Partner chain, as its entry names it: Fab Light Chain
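Next comes just one chain, in structure tokens: the form solved without the partner chain.
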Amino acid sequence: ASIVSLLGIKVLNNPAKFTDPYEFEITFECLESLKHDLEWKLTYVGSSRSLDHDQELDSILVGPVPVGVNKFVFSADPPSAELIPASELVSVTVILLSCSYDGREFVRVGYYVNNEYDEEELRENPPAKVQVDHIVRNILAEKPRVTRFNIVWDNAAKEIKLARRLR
């Protein structure tokens, strides 16, 4: 309608280790009282090749939703490196942060995440076995990709396809 609108997002604690939590300070406006909570979720894209390697990192229910301008910190566990193809682990991928209301997604914010080793020795000559504790993750927070979707609230009345995951 839209009863809730994203106003701003700050990626906290960035860069970070691959194994550190994700932290976002999210600012949203709510215009009317709602029956239901907001569900915020974060999805890590394991492979640019299929939805088959996505991992839902966490989700958090926010509510009852107060009318006005709201701020909260969303934190989420890192993905399991075990379940990401070894060859795609230390590369660019995307994260998608979305908010749904009663199951209906009304906003998505996508970010590219660059993954690179912390030591010069490993960057040019990476091993076959991946050193997860040595991955530094950088979310490209200056480049958010925001897609809003129109929903009913309470009343009825690689880089090619990474870019595609973002939209």
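Residue numbers count along the first chain shown, from 1.
From this point on, the text means the form solved in complex with the partner chain, which you will not see here.
Contact annotation for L42: none of its heavy atoms lies within 4.5 Å of the partner chain in the deposited complex. Using a 4.5 Å cutoff between non-hydrogen atoms, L140 counts as a contact of the partner chain in the deposited complex. Taking the partner from the other structure, the partner chain in the deposited complex has no heavy atom within 4.5 Å of any heavy atom of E124. The partner chain is not drawn, but in the deposited complex it has no heavy atom within 4.5 Å of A81.
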